[PDB]
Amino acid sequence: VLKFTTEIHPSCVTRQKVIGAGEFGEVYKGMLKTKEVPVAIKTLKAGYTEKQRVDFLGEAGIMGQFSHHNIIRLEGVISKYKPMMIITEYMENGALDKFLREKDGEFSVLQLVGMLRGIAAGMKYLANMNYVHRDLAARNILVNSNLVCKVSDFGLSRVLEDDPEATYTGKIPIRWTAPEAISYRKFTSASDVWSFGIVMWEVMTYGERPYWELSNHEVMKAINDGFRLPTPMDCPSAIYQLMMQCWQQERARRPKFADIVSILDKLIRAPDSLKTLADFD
């Protein structure tokens, strides 16, 4: 059983400005009538492979199945006319990774942790709806003008970076991915929890690149030898301990998203926890 997605009448949508472009089409900021709200509008290039068309509409189908504060809201689709569009709420501050790198140092630790609680709540909902994201990273999170972070990208065709089965005919990066997903292709909500740990580190570093200039095989060897990302400056000790739990080599030892939300709620309501920093050993 699945939800239909609203079909939006074309006279109801006006594209205003391009905000991005990819191997499929573009994303615009626009306006939608209801009495007139800003939206984001993703088009499919007239000149698409049918594979792209099925992937394009399939992405709208997946998005329409979700209804949660921390998951990008789908307003509807224009599927019967050209150009074909997917229409969502407009997130004023855009992608989280680029946003933090433009806004370095400007937020309180309590604000950063509230951002991470939002993401974790969105991921708990996805996981309990039996949806494995496989591609959780700050680049796939969007931020609105209330600082609310929403999980946003649900594109269908994804391949692991450096997958040996790949040939010359989007890529999921190794250094966001759990070991069991790399070593034997086991993607689950528990490998999403690993990636969430990496997202935690990205947020607490204002968008630093995980493992810096280490190569993919240097990262994998470091991880397998038991090394992990270091504590970001000003990161509360309890937050670093939480990322380290997400990075347990054994799946079973990682927290569930339900545990993460609860832990983050505890700290937010007792916010002097967020000034106790990590010590040495």
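Note that residue numbering follows the sequence shown and begins at 1. The term rigid core refers to the most C-alpha atoms you can superpose between the two forms while keeping them within 1.5 Å.
- Note on 235-243 and 209-217: with rigid core alignment, C-alpha atoms in 9 other deposited structures of this protein sit farther from this form for 209-217.
- Using the rigid core as the fitting frame, the root mean square C-alpha deviation in 9 other deposited structures of this protein is greater for 77-85 than for the other of 136-144 and 77-85.
- For residue 52, the fraction of other compared entries lacking coordinates, among those that model flanking residues, is zero, nowhere near a third.
- Across the other entries compared, none leave residue 108 without coordinates where the residues on each side are present, so it is far from a third.
- Deposited sequence between residue 169 and residue 170: 1 to 3 residues lack coordinates.
- Going from residue 34 to residue 35, you skip over 4 to 9 residues of the deposited sequence that the entry leaves unmodelled.
- Looking at 17-25 and 262-270 together, the entry lists the larger mean B-factor for 17-25, computed on C-alpha atoms.
- Averaged over Cα atoms, the B-factor as recorded in the entry is higher for 100-108 than for the other of 128-136 and 100-108.
- Between the residues 158, 73, 117, 186, the entry's highest C-alpha temperature factor is the one at 158.
- The PDB entry gives the largest Cα B-factor of the residues 84, 148, 203, 151 to 84.
- The PDB entry assigns residue 66 a C-alpha temperature factor belonging to the middle third of its chain's modelled residues.
- For residue 199, the recorded CA B-factor ranks within the lowest third of the chain. Only modelled residues enter the ranking.
- Remark: residue 53 belongs to the highest third of its chain, ranked by C-alpha B-factor as recorded.
- Among the modelled residues of its chain, residue 226 has a C-alpha B-factor that falls in the middle third according to the deposited record.
- The deposited CA B-factor of residue 255 belongs to the lowest third of values across its chain.
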